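K.L.:
Before we start, here is the structure in question, set down as structure tokens.
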Amino acid sequence: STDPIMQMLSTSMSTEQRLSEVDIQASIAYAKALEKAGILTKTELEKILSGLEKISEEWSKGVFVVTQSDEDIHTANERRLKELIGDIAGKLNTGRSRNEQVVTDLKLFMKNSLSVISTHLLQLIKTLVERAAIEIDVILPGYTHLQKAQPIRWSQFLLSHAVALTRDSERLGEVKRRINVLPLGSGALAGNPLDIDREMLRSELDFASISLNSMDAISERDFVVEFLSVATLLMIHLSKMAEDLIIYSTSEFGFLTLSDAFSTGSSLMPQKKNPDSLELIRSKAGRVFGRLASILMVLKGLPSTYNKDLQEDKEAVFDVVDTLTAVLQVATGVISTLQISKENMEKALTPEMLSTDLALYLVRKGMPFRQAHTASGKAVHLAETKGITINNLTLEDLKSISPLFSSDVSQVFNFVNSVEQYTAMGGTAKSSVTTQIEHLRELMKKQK
Amino acid sequence: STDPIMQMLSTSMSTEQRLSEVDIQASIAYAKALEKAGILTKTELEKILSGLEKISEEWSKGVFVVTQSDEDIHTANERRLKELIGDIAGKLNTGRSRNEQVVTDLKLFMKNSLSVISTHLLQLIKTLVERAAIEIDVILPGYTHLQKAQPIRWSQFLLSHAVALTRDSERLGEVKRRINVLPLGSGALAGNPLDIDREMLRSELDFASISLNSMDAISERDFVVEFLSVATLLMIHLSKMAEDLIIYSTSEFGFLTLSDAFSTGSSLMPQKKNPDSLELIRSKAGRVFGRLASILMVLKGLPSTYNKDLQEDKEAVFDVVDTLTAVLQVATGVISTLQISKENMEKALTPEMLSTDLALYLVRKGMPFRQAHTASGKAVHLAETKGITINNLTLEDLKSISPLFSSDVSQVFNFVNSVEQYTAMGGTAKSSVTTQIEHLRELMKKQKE
Amino acid sequence: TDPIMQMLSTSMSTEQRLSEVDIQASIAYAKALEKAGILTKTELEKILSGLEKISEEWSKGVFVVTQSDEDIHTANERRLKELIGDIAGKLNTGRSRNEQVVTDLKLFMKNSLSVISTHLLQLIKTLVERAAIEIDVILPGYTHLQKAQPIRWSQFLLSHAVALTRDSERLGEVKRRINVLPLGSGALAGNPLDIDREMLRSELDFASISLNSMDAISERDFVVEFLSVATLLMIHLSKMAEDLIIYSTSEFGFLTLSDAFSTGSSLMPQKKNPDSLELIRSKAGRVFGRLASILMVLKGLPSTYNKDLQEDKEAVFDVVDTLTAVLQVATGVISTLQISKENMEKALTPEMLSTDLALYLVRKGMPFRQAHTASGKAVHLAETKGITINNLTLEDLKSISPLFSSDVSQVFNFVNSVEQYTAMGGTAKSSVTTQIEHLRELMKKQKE
Amino acid sequence: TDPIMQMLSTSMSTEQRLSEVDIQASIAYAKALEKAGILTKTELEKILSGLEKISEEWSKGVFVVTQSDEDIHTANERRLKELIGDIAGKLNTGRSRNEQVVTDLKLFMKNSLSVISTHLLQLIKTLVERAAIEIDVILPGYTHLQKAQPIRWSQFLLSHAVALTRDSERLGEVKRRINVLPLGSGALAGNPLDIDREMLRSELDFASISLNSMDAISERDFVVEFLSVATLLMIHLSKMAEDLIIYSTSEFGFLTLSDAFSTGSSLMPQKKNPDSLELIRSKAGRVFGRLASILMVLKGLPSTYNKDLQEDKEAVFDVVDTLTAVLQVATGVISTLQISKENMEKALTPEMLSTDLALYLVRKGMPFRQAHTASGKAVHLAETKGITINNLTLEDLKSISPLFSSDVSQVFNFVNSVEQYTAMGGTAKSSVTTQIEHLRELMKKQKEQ
């Protein structure tokens, strides 16, 4: 008598389908552990193991026929097993609970998926890293408040993101260690009453460790939230980077031009590249954040142990996964094929940005901050009257404000020398840039 | 390194299809205006309209076929038309841009959907108000901090939920008006360049008004956001009821029990009844909410005019729309057929809940509030020391704490007389509940539309 | 009682700002109590006088808060009692902190939404006056942050003004549902002494009274609603802020902000930072966070009062103060930002007319695709010769299409380009004038 | 500059908290400044004198709130001159507000996460202890809020303490990524004075040094990350609050809160309102609201510094303050709540042993499907017989399945019930002990922060 429309809320069949593989693997591992408990005879086990496999192919070969009575995979499969092996299948459920499988199939699917995500994240970071190490010569303005601040290195920039993504990598792996904890063997909420070998289950499914509390493993979705968080953060980084490229791909900036493959245009206006790839990638941040926002609310205030509410997780996990997969691969392709403009980036470097280093001149020579700062104020002052680029002044004009000014001041008016000052660790100095490129190149080894 | 994957995001044929009809609706509405502009001859028009009608029917009969080249509906629709009418189809794309179709298709789809949700919503309240009238005599405990507070009427509780939902209906009405504004005619940024008849277009598609500023209309999604807001609140409203009945349906409470069609249970424990329905509904609060937060983020910080980021609204709207629809029907079903334990509700009421009424008894006899609180407080303790319920205290026992306690102090210990004190507007008194039911009936018909 | 638990449910810090309305409500109730018999003529007057003195103490800031004061209700009760004695006790008859919490917050909100309203209008009014004066100005129209086509500077401002006006509408609707008196709903079952709520609604100047005591005591739609609206309004100011910033870059050069709403250093005078716009853009998230919090506080909550409900205040107060400042700061930025016509004028280019050209073909009966195909060759050819579309010979045109008469020279005129759009809501001079009037009327109606 | 704009950044009230952390951030830079050859030993020690003086100003609470200054950076910059003359100015050189801002916060948070880490542990330890003490108490395990099966109250507390452990582990990973000095990264391109950032690290007690100046300035992961951990922690607590709140009801009557963490009335001395747990639950939203807000602030921002990044301090400051208060009230609630061994007992019913009964058959050899069926028969029989599953006699049981022997009586024992689950993680007395030891250990490894 179950209300038809009521099923419309708990009948995600299409969605369930992609958990079929993991379901079989759990049933199998379980069946094998079952025989070890005598609840199955070597014979039966083989019959069960076999049926499961024929199901796996039916899914792989996409020949598995779905039915109406099918609610979840657990039902779609078991119905199929009995269709093959017969009522001997009823044993496989001995001591087991839908509450166990639901979370077991999910941690599994997730473990694999994250693996694919990670690969792409690393490949995305790597791409940045190499590109940086290539164009270590290119220099362009550093923006603060989206206004020209000081001459910075192009590679320094590319890397800024690369370092922000590698932290995402560090967070992603961490979420993995907690996902790799086998929940199977927790029962409906009290544990397994048949004293099955949970440990045997662990190794069978390659899980790192085993759950600690049944009531917990049954109701907790921390593994879903924690994932969505790392995801959401990752998307923030990726969105900030899109904001930069989109802005830099603007005519007004002309710093760079995305590939046709990752952009849109028109025959009427050839000189017009629309950062389609970047924008979508920027928008997927809210799409992800949204998933996290949801689930967090689903869990809030929920009474202990299993509740039908915990069903909303599946659609959330798949969305983000598929979205991260693509968003990441597309990030790599946008970075790998986008062509820059060395002329534009350097042409964007105006002397006004060097006024700062001028103060560094006096101070390096001994003069206090205030006395070197006001000394530059006067410099740009009379540089306006004359109406000439700050670099083109008088050696006397300098010494007219403050004595300490000498013939060294001539160097202060150079970009490289301006960029080469931050030799310290982290600075945009080419030596620092190489150090970073070495730091990251290393990190990409430990996580392998 | 993925161009074809770049195409996997900005693509959604599975979802784009939900807009087949609306899309064709505007192409027809536009074509007609194009002819009125001279861009189309009377004969050219008739053919484009004939083509559009054929694609409309093709989708209807689920006999439409999309190719692996079809990006979105617009692309899959002008492909089939060109395949039916031929090169003549191009004339249609004259002047209008996709930015235009985007907001025109979603606003058209939403209009119809809101109307559905609206009707379903009205069925909940009606179901609620209606039962509130049929069970006006049932009395149970009213809570606070999930602690029994005082005798309240079952109808009162029901009507409180109905009232909160009414405001929902109202908010939806408002969303719908801003939604009933034709954006078609904004071009891709600065408007229609052919001076097309915007009014005639508003007429064909039947819209209340016409988009005020082209830049805005094309780059705005307030209608999406606002709808998701209204939807999220509606859901919180329902999560608060799911929570209420879930608890009231536990054996610990025993106030009511759902029907077999909206619940589940084990074979070995036939007494166990799990309120799945309510669980699902409550949980959708997060689902919907998620969508609201999602879109909100998308818009935040976005530069002026169209931006491919706005393509994330379709799935958000569709999800919430189907969700509210299902949830609202399942909502009505539950409240419609669930069983009430008039016995257990009346059994949960205790004499302790009347301690407040006792104090009040003294306040009507002219005794100051603070003084009556304490007077009722000593009667409680004394009864507690004697190990008996305050209603079993002796008139003498009471007079010892205050001579004012007269023989008529017994009417205080009557759960019916209790609720009967709140006859003021909104109160739980039989009179107040009746008037409330009259109000709602007038609002349900005030809303309607 | 615990000292730490009190550090969550005892905040005179924030609660104090409800002192006024709390008094205004206690007075109204006192009055209705007297008419009901609870109070005596001579008592009520003793209560009002004392109640009024408590107002003077707060407005003066002389009011002294005891260490045992938890909520404004206790503080003010305490005072009244020490100011009048026992009599003050009768003031609580048949009332509860529950109905006072909503009545106060709603009163506070009534005025607050008002103050926000007048500011939101001054901003809109401000945006419209500038679209009036600068009606001739023209700059590039953007899509994907790329130059799509010419548009009137006023069409821009108006687009933001038009969306900011939809907010005002929403704001008034929220205000209507807030304008309903919860006072007289008891602890959850309504008023026991049969208080005349009509007199109460009239005394406090509310539009009407609440229908269901339970609903009135436990609902917070007025808080959530106010929050949804505020968020969507900040979003509007966040998209506008974005536009301004990007426009205030040295790259775009479209305009710069007045010194009052920016920051900078004497070393790079030609560099100003839109702190104002940036702060405003960040406040979108500030406010959204507040919406999200309350939404989660209400989720799954069982009927009638629950302490969880006390999180609304701080949320309300924050938004009300945030919108109050943001709106004004925005208004300023807009009426004082210097715009460079020339720069916006130079931003206009030929390529941006290719569309206007294809249209020139269409108007001569030439079909859509054919015209688009023509313009293509028109742009491609001038692209091979090294010249701009507006400089290729008339015979040049004719080679692509014999429909190119000599009036094509009109197409190459930015003003002609905009005037093209006279269809309602377009960018043509008339349309902009029309918009102005409509918005001016909307504001006229919405004055009461 | 407009004063109104000043009210969107100026907030000494909120800035002040970073006062001391800023002084040390300076003391560190100064020392480094000297070794750079910018400040002479005489200057250094001098400057270091003013700072040490200022850090004592607010410390004891003597510092003067400059009605003209805003951030602490300017307040301290000022007051230093008011002590060490113009020399104080040279304490900036090569530095940047875009440095101290992050440096001052990681330090603050760093000292904060440590304190938070304590309270949390005290909670987990309080749960583990109480569980290990009432290992014998058995009560109903819930699912869909309906009685599912017998379970030990310890197995309950532990599931909460176990989840909390993951919060402690997550908070651990956070604190580490935060322990990376950002100082020496300039306003954008790094420190040009080639200062020794290693000296700074060792000086401020960090662990590592930012790898990219631009990143260290524009990134706010520590803020976001820490916000996410606190939110997941709160959800946990809210879930715990929900249970204990539901259990503290009259209907359930499983436990009662201490007067210290509750609220009541002189009228209803029984009725105990769980204000402590409700306030803890609501904080989930509050906290989540911070996470949400800062996520929207950072989303889409352009590279490097933007004034937008100024909303961090209030979110972090709030969450930190909340986590501290909440955690302590939690530890308080649990350790003082009075449990009803009795009521938890009467809550155990025979019907809840229908499954155990089926399992009995399973072990004896009978396959699952049959055992289940055989069990339902035993249920139906009892029904039509007017008794409970445990009153059916051996012959009654035999008439359903020969397998049922005289040992089947051992099934109708709620203790034996929970003893079936001995597998790793189950609710068997032994399994529970193991858990209690795992956690005592795990807490140790976490205590070594």
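Simple scheme: letters A, B, ... for chains in structure tokens order, numbers from 1 for residues in each chain, numbers from 1 for ligands in the order shown.
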Find the spatial neighbours of residue 227 in chain A, counting only C-alpha atoms, within a cut-off of 8 Å - ignore same-chain residues fewer than 4 positions away - and output them as an MDAnalysis selection string.

P.N.:
chainID A and resid 172 175 223 231

K.L.:
Restricting it to C-alpha atoms, dump the selection as a compact mmCIF listing (two decimals), in the first residue's frame.

P.N.:
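The file below, result.txt, is the result:
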# COMPACT_ATOMS: atom_id res chain seq x y z
CA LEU A 172 42.11 15.36 0.25
CA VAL A 175 39.89 12.70 4.16
CA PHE A 223 32.95 11.08 5.72
CA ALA A 231 35.77 19.91 -2.29

K.L.:
List as a VMD selection string the protein and nucleic acid residues near range 187-200 of chain D, meaning an atom at most 6 Å away when only C-alpha atoms are counted, but skip any in the same chain fewer than 3 places from it.

P.N.:
(chain A and resid 421 to 422 424 427 to 428) or (chain D and resid 28 36 94 96 98 184 203 to 204 213 to 214)

K.L.:
Quick one: which residues from chain C are at most 6 Å off chain B, using only C-alpha atoms, as JSON, numbers by chain?

P.N.:
{"C": [89, 90, 93, 143, 144, 159, 189, 190, 191, 192, 194, 211, 212, 213, 214, 215, 235, 238, 239, 242, 243, 299, 300, 301, 302, 304, 305, 306, 368, 420, 421, 422, 423, 425, 426, 427]}

K.L.:
Next, write the just-selected residues to a file, as a compact mmCIF listing (two decimals), in the first residue's frame, keeping N, CA, C and O atoms as the atom set.

P.N.:
# COMPACT_ATOMS: atom_id res chain seq x y z
N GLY C 89 4.67 44.35 40.00
CA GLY C 89 4.50 42.91 39.85
C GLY C 89 3.28 42.51 39.04
O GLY C 89 3.36 41.61 38.20
N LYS C 90 2.16 43.19 39.28
CA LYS C 90 0.90 42.91 38.59
C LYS C 90 1.00 43.06 37.07
O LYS C 90 0.14 42.56 36.32
N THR C 93 0.95 39.81 34.96
CA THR C 93 -0.22 38.96 34.96
C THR C 93 -0.67 38.53 33.57
O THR C 93 -1.02 39.35 32.72
N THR C 143 29.94 40.95 -21.98
CA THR C 143 29.42 39.59 -21.89
C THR C 143 30.66 38.72 -21.76
O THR C 143 31.54 38.76 -22.63
N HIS C 144 30.73 37.94 -20.69
CA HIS C 144 31.88 37.07 -20.43
C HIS C 144 33.06 37.99 -20.21
O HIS C 144 34.22 37.62 -20.43
N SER C 159 20.19 49.59 -14.88
CA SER C 159 20.02 48.15 -14.70
C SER C 159 20.19 47.86 -13.21
O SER C 159 19.45 47.04 -12.65
N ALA C 189 -0.37 29.24 24.57
CA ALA C 189 -1.82 29.04 24.42
C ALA C 189 -2.65 30.33 24.35
O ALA C 189 -3.88 30.28 24.43
N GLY C 190 -1.99 31.48 24.22
CA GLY C 190 -2.71 32.74 24.13
C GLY C 190 -2.91 33.40 25.48
O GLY C 190 -2.46 32.88 26.50
N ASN C 191 -3.61 34.54 25.51
CA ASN C 191 -3.82 35.23 26.79
C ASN C 191 -4.95 34.62 27.61
O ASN C 191 -6.07 34.41 27.13
N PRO C 192 -4.66 34.34 28.89
CA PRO C 192 -5.63 33.75 29.79
C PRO C 192 -6.62 34.73 30.38
O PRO C 192 -7.74 34.34 30.68
N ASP C 194 -8.15 37.12 28.93
CA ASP C 194 -9.02 37.70 27.91
C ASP C 194 -8.65 39.17 27.67
O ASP C 194 -9.52 40.05 27.67
N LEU C 211 -2.91 35.20 14.38
CA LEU C 211 -4.04 34.28 14.33
C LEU C 211 -3.97 33.09 15.26
O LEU C 211 -4.99 32.64 15.78
N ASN C 212 -2.77 32.56 15.42
CA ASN C 212 -2.58 31.38 16.25
C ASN C 212 -1.48 31.60 17.28
O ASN C 212 -0.31 31.82 16.94
N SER C 213 -1.86 31.53 18.55
CA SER C 213 -0.91 31.76 19.64
C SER C 213 0.35 30.89 19.56
O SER C 213 1.46 31.37 19.79
N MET C 214 0.17 29.61 19.25
CA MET C 214 1.28 28.68 19.14
C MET C 214 2.22 29.14 18.05
O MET C 214 3.42 29.31 18.27
N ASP C 215 1.66 29.36 16.87
CA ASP C 215 2.44 29.82 15.73
C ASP C 215 3.13 31.14 16.03
O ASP C 215 4.30 31.33 15.67
N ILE C 235 23.59 40.92 -2.69
CA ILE C 235 24.05 40.31 -3.92
C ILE C 235 24.03 41.31 -5.05
O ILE C 235 24.93 41.33 -5.87
N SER C 238 26.74 43.48 -4.61
CA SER C 238 28.00 42.80 -4.83
C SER C 238 28.28 42.72 -6.32
O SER C 238 29.42 42.81 -6.73
N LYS C 239 27.25 42.56 -7.14
CA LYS C 239 27.49 42.50 -8.57
C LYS C 239 27.86 43.91 -9.05
O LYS C 239 28.78 44.08 -9.86
N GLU C 242 31.44 44.79 -8.07
CA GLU C 242 32.33 44.11 -8.99
C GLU C 242 32.53 44.98 -10.22
O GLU C 242 33.67 45.29 -10.61
N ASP C 243 31.42 45.38 -10.84
CA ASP C 243 31.45 46.24 -12.01
C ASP C 243 32.25 47.48 -11.73
O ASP C 243 33.13 47.86 -12.51
N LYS C 299 15.43 24.54 11.34
CA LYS C 299 15.31 23.18 10.77
C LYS C 299 15.05 22.13 11.83
O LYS C 299 15.73 22.11 12.85
N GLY C 300 14.07 21.27 11.61
CA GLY C 300 13.76 20.21 12.56
C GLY C 300 13.33 20.58 13.97
O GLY C 300 13.20 19.71 14.84
N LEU C 301 13.08 21.85 14.24
CA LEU C 301 12.67 22.20 15.59
C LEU C 301 11.22 21.90 15.95
O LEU C 301 10.31 22.34 15.25
N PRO C 302 10.99 21.16 17.07
CA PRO C 302 9.65 20.79 17.56
C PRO C 302 8.83 22.02 17.94
O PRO C 302 9.38 23.05 18.30
N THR C 304 6.46 25.07 19.33
CA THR C 304 6.44 26.14 20.31
C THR C 304 7.84 26.53 20.70
O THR C 304 8.80 26.06 20.11
N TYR C 305 7.94 27.41 21.69
CA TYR C 305 9.23 27.90 22.13
C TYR C 305 10.30 26.86 22.40
O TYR C 305 10.03 25.75 22.83
N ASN C 306 11.53 27.29 22.15
CA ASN C 306 12.75 26.52 22.35
C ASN C 306 13.86 27.55 22.43
O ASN C 306 13.88 28.50 21.64
N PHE C 368 18.69 36.52 -42.38
CA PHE C 368 19.55 36.45 -41.21
C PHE C 368 20.94 35.85 -41.45
O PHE C 368 21.95 36.55 -41.37
N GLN C 420 19.55 52.37 -32.02
CA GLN C 420 18.92 51.24 -32.68
C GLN C 420 17.90 50.63 -31.73
O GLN C 420 16.79 50.29 -32.13
N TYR C 421 18.26 50.52 -30.46
CA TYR C 421 17.39 49.89 -29.49
C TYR C 421 16.32 50.73 -28.78
O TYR C 421 16.47 51.09 -27.61
N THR C 422 15.22 50.99 -29.51
CA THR C 422 14.08 51.78 -29.01
C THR C 422 12.94 50.91 -28.49
O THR C 422 11.98 51.42 -27.90
N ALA C 423 13.05 49.60 -28.72
CA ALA C 423 12.05 48.66 -28.22
C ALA C 423 12.16 48.71 -26.71
O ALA C 423 13.27 48.63 -26.17
N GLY C 425 12.69 49.06 -22.91
CA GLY C 425 13.75 48.55 -22.09
C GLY C 425 15.10 48.53 -22.77
O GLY C 425 16.08 48.10 -22.15
N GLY C 426 15.17 48.97 -24.03
CA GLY C 426 16.44 49.00 -24.74
C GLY C 426 17.32 50.13 -24.24
O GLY C 426 16.99 50.79 -23.25
N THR C 427 18.41 50.38 -24.95
CA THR C 427 19.36 51.42 -24.55
C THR C 427 19.23 52.78 -25.28
O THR C 427 20.00 53.71 -25.01

K.L.:
For residue 433 in chain A, list every protein, DNA or RNA residue within 9 Å, evaluated using only C-alpha atoms, and leave out those in the same chain fewer than 4 positions away; present the list as a compact mmCIF listing (two decimals) with N, CA and C atoms, in the first residue's frame.

P.N.:
# COMPACT_ATOMS: atom_id res chain seq x y z
N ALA A 132 55.36 27.22 -14.77
CA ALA A 132 56.08 28.26 -14.05
C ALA A 132 57.58 28.18 -14.39
N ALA A 133 58.21 27.05 -14.06
CA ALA A 133 59.63 26.81 -14.31
C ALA A 133 60.03 27.12 -15.75
N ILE A 136 59.96 31.51 -16.37
CA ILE A 136 60.51 32.19 -15.19
C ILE A 136 61.05 33.56 -15.52
N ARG A 153 56.89 38.39 -10.59
CA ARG A 153 57.21 37.43 -11.64
C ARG A 153 55.99 36.63 -12.08
N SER A 155 55.78 33.56 -13.13
CA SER A 155 55.83 32.24 -12.51
C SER A 155 55.46 32.26 -11.02
N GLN A 156 55.93 33.29 -10.32
CA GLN A 156 55.61 33.45 -8.90
C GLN A 156 54.08 33.34 -8.78
N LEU A 159 52.53 29.87 -9.55
CA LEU A 159 52.80 29.02 -8.39
C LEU A 159 51.93 29.31 -7.18
N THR A 423 64.78 38.04 -2.47
CA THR A 423 65.46 36.77 -2.60
C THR A 423 65.07 35.89 -1.43
N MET A 425 63.07 33.66 1.41
CA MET A 425 62.27 32.50 1.09
C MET A 425 60.82 32.88 0.87
N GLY A 426 60.33 32.59 -0.33
CA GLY A 426 58.96 32.88 -0.67
C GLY A 426 58.80 34.03 -1.64
N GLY A 427 59.79 34.93 -1.67
CA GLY A 427 59.77 36.09 -2.54
C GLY A 427 59.77 35.79 -4.03
N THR A 428 59.47 36.80 -4.85
CA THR A 428 59.40 36.61 -6.30
C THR A 428 60.74 36.54 -7.04
N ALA A 429 61.83 36.63 -6.28
CA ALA A 429 63.19 36.54 -6.81
C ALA A 429 63.35 35.20 -7.52
N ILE A 437 59.69 25.82 -7.04
CA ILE A 437 59.56 24.81 -8.10
C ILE A 437 60.23 23.50 -7.67
N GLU A 438 61.18 23.61 -6.75
CA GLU A 438 61.87 22.43 -6.24
C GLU A 438 61.06 21.85 -5.08
N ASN D 212 55.07 30.73 -0.64
CA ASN D 212 54.83 31.69 -1.69
C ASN D 212 54.20 32.94 -1.12

K.L.:
Listing only residues of chain D within 6 Å of chain C, what is the closest atom pair and its distance in Å (to one decimal) for each, using only C-alpha atoms, sorted by chain and residue number ascending, as a Markdown table?

P.N.:
| residue | atom | partner | partner_atom | distance |
| --- | --- | --- | --- | --- |
| D:1 | CA | C:260 | CA | 3.5 |
| D:2 | CA | C:260 | CA | 5.0 |
| D:5 | CA | C:329 | CA | 5.7 |
| D:260 | CA | C:1 | CA | 3.6 |
| D:278 | CA | C:308 | CA | 5.4 |
| D:279 | CA | C:308 | CA | 5.3 |
| D:282 | CA | C:308 | CA | 4.7 |
| D:285 | CA | C:293 | CA | 4.1 |
| D:286 | CA | C:293 | CA | 4.9 |
| D:289 | CA | C:289 | CA | 4.2 |
| D:290 | CA | C:289 | CA | 5.7 |
| D:292 | CA | C:289 | CA | 5.2 |
| D:293 | CA | C:289 | CA | 4.1 |
| D:296 | CA | C:285 | CA | 4.9 |
| D:297 | CA | C:282 | CA | 5.2 |
| D:307 | CA | C:278 | CA | 5.8 |
| D:308 | CA | C:282 | CA | 4.9 |
| D:329 | CA | C:5 | CA | 6.0 |

K.L.:
Give me, as a PyMOL selection string, the residues of chain C touching chain A, with the criterion being at most 10 Å (counting only C-alpha atoms).

P.N.:
chain C and resi 143-148+245-253+265-275+278+292+295-297+299-301+347+350-355+357-358+372-380+383

K.L.:
Go through chain B and flag each residue having an atom no more than 6 Å from chain D; for those, report the closest pair of atoms plus their distance in Å to one decimal, using only C-alpha atoms, ordered by chain and rising number, as CSV.

P.N.:
residue,atom,partner,partner_atom,distance
B:145,CA,D:273,CA,5.6
B:250,CA,D:146,CA,5.8
B:252,CA,D:251,CA,5.2
B:253,CA,D:251,CA,5.5
B:268,CA,D:376,CA,5.5
B:274,CA,D:144,CA,5.5
B:355,CA,D:267,CA,5.6
B:377,CA,D:267,CA,5.2

K.L.:
Put those residues in a file: N, CA, C and O atoms, as a PDB file, in the first residue's frame.

P.N.:
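Done, and the output landed in part.pdb:
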ATOM      1  N   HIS B 145      10.392  23.290  25.013  1.00  0.00           N
ATOM      2  CA  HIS B 145      11.591  22.562  25.432  1.00  0.00           C
ATOM      3  C   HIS B 145      11.154  21.085  25.533  1.00  0.00           C
ATOM      4  O   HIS B 145      11.616  20.368  26.417  1.00  0.00           O
ATOM      5  N   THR B 250       6.103   8.225  18.241  1.00  0.00           N
ATOM      6  CA  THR B 250       6.965   7.232  18.882  1.00  0.00           C
ATOM      7  C   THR B 250       6.094   6.509  19.891  1.00  0.00           C
ATOM      8  O   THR B 250       5.031   7.006  20.261  1.00  0.00           O
ATOM      9  N   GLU B 252       7.032   6.013  22.888  1.00  0.00           N
ATOM     10  CA  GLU B 252       7.268   6.818  24.087  1.00  0.00           C
ATOM     11  C   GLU B 252       6.164   7.843  24.272  1.00  0.00           C
ATOM     12  O   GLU B 252       5.789   8.150  25.401  1.00  0.00           O
ATOM     13  N   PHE B 253       5.675   8.401  23.166  1.00  0.00           N
ATOM     14  CA  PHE B 253       4.596   9.382  23.229  1.00  0.00           C
ATOM     15  C   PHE B 253       3.249   8.694  23.023  1.00  0.00           C
ATOM     16  O   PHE B 253       2.388   8.739  23.890  1.00  0.00           O
ATOM     17  N   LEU B 268       9.249  -9.010  12.199  1.00  0.00           N
ATOM     18  CA  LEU B 268       9.293  -9.547  13.551  1.00  0.00           C
ATOM     19  C   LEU B 268       8.743  -8.612  14.619  1.00  0.00           C
ATOM     20  O   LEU B 268       8.355  -9.066  15.685  1.00  0.00           O
ATOM     21  N   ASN B 274       7.865   2.893  11.411  1.00  0.00           N
ATOM     22  CA  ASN B 274       8.784   3.976  11.108  1.00  0.00           C
ATOM     23  C   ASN B 274       8.177   4.988  10.161  1.00  0.00           C
ATOM     24  O   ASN B 274       7.696   4.642   9.077  1.00  0.00           O
ATOM     25  N   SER B 355      -1.052  24.028  37.614  1.00  0.00           N
ATOM     26  CA  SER B 355      -0.528  24.891  38.656  1.00  0.00           C
ATOM     27  C   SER B 355      -0.663  26.345  38.243  1.00  0.00           C
ATOM     28  O   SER B 355      -0.949  27.205  39.073  1.00  0.00           O
ATOM     29  N   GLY B 377       2.568  28.032  44.351  1.00  0.00           N
ATOM     30  CA  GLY B 377       3.821  27.317  44.547  1.00  0.00           C
ATOM     31  C   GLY B 377       3.867  26.544  45.850  1.00  0.00           C
ATOM     32  O   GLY B 377       4.510  25.493  45.921  1.00  0.00           O
TER      33      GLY B 377
END

K.L.:
With only C-alpha atoms considered, list every residue of chain A at most 7 Å from chain B, as number ranges by chain.

P.N.:
A: 1-3, 5-6, 8-9, 261-262, 276-277, 279-280, 283, 286-287, 289-291, 293-295, 297-298, 307-309, 326, 329-330, 332-333
